[PDB]
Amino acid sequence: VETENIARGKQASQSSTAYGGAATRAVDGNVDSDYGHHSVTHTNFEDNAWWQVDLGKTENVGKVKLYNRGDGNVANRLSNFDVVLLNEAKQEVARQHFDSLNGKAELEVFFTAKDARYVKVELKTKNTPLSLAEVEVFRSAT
């Protein structure tokens, strides 16, 4: 995969916003996982919380890297979730489910040369907020 993080500075959005946890914080080029350092997103405590980045055009995606929240003992909120790739028409082109990060600070997700415009993280869990320190997206190596 390429080394350029193509998610950086792109339009990001999420199911709702709480505690000032703006969606753009996951694409601000700062993986700092401490919520108090203002680089981690936060939705409402809600069902099926989600976060999305629009890559702005269709890209051949090979890797999505998630950086979890690290302060406050709430890392396990990022559990039982999908990482989803959508095309320009917003149809799913790939989807991977994950149980846990197992206390790891980050998760590398590898996709098999998928042409996608949107990258989405979807919690499948009830009444839980989605918080991401960063989401980085990399093109497949040519």
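Throughout, we count residues from 1 along the sequence that is shown.
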item	value
Average Cα temperature factor in the PDB entry - higher stretch of 70 to 78, 43 to 51	70 to 78
Mean Cα B-factor comparison, 112 to 120 or 97 to 105, giving the higher one as deposited	97 to 105
Maximum C-alpha temperature factor, selected from 127, 131, 14, 24	127
Among modelled residues of the same chain, the CA temperature factor third for residue 1	highest
For residue 57, the third of its chain into which the C-alpha B factor falls	highest
